[PDB]
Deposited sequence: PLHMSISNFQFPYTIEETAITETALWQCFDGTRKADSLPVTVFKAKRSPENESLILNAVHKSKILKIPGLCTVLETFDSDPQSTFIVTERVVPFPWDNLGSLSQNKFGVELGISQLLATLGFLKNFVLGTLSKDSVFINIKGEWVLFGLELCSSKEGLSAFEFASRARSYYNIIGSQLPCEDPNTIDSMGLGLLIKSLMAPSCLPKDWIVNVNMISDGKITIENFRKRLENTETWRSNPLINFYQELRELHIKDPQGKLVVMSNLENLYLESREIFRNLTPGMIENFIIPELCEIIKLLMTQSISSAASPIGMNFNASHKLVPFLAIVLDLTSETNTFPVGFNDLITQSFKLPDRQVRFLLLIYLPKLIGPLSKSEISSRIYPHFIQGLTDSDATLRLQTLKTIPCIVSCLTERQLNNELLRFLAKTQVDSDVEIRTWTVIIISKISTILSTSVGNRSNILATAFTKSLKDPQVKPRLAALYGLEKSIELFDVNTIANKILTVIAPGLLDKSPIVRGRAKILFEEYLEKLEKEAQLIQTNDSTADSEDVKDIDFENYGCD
């Protein structure tokens, strides 16, 4: 082509190189708005002499139609064929290749159908004419939106005859069956086909069978079909249909009102976890989670007011669960998790300790070390022995985040204290944790040895039997960290006292341990020969 492209000259969007979906009339590309970096979707017309009228009507209707439920159009271009675009909010074409999965959550499929129906209600003065699998997209909030305005026109002053030719040429181009020539029944008939494609005859509600057949044969209007379905037991049973209505209205409610919506979300999560699985991506990740997160931050500010602080644990449990499950994390999640670590609530902190290994990533090592650890670690000095124990048992999972000061200076000062803790369980585990982390300190083998010998000597003087047994255990596992020189210089006399312990079980284990260290020493001595 001679002529310079509109897309390559002063174009407000960047366009990725390979379309994600292609159709006979359009290529669909991800893009980003330049000035903004706002993610967008760019529909590029396969403009030609034969489809040119279809393409131009689509552009025009995109520009003029303000219908909630259509892809929300940002800008159009039609000067240059081969630069003929409709640019919309970022949408995702419906994953038909995954319908098998999504079909598993019937409430999901029914919820999307309900979104398509509200849109066809706004469109009722218009004919759409193009309803098909290719019509269907998902926005970022997981809601089902409509594309394809090629045939779209107003019903007022509309020649059936005129529309039928367009409709014929359109269906001929797409290599598809024209459902009918009647503008008054084409949408009802196209809606039936789509619903049947969404829901196989063994997954279609019994109480929807007749209604769907009616529209499938163009006997009734979409709006009529809508009132029937709204009346059925299926519709009224669908907990996602109701919850979605609450969600959509979230920002017109007062703060107690919003809190009820989240309370409703929580009860559904407790009583029917499954209803939030196998949904179209977006609703959980980009609608539900960020709204909960917002409500959680409010409550956490309320917490320091010393209103609804008992919802802190349950709501945060949902967020930590669903963010992890979807591997998505909203802007400021990092700040949310920080704030929650500063909360002095014990039940919160138990919850966070459970998710900490999974929070490394979403949150960077520098953020963990910098903003999380200093609160995390005070857990060791809390009055509840169970919070101290759990903090203790969690140390190994975050230790690879820590600065050199944190790890090599401060960590062991904490552990030296928990080794004399009033709780026997904490004493027992402290020696295990110290053995565990001994080899990730940045010190010399010599000092690692001094650290171990000292910690094991302490535990083997313990009044209770359990921490003595834990010393012998860590000594068995540590044998590979002591060369024969250190064994001979030092470790033999760390072990040997346990040989004389009052507890028969310690004496028995210490003897077996001792022999194994003796054997190691004996073997190396025998191999020397330089006289």
Compared with the full deposited sequence, the modelled chain skips 307-315, 541-560
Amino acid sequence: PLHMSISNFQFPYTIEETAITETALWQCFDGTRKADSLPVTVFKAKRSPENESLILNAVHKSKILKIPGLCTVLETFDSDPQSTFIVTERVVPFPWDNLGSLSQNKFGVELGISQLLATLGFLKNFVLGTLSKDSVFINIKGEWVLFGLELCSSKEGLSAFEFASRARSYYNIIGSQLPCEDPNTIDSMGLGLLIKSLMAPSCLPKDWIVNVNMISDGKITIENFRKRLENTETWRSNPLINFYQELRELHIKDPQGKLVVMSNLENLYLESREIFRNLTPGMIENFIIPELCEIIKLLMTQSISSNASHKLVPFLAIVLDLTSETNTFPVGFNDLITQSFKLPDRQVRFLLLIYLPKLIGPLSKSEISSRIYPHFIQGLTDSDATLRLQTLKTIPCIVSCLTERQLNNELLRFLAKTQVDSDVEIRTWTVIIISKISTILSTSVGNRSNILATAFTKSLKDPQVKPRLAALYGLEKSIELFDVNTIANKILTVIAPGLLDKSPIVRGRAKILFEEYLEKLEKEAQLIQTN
From here on, numbers count along this sequence of modelled residues.
For the higher mean C-alpha B factor in the entry, choose 119-127 or 263-271.
119-127
Given the B-factors recorded for C-alpha atoms, which segment has the greater mean, 195-203 or 431-439?
195-203
Entry record, C-alpha B-factors for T323, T338, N231, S237; the maximum is at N231
Looking at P314, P396, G108, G157, which one carries the largest C-alpha B-factor according to the PDB entry?
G157
Third of the chain, ranked by Cα B-factor, where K258 sits
lowest
Would you please rank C180 by its C-alpha temperature factor against the other modelled residues of its chain and give the third it falls in: lowest, middle or highest?
highest
Split the chain's modelled residues into thirds by Cα B-factor; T486 lands in the lowest
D423 - Cα temperature factor, lowest/middle/highest third of chain:
lowest
Taking the C-alpha B-factors as the PDB entry records them, is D80 in the lowest, middle or highest third of its chain?
highest
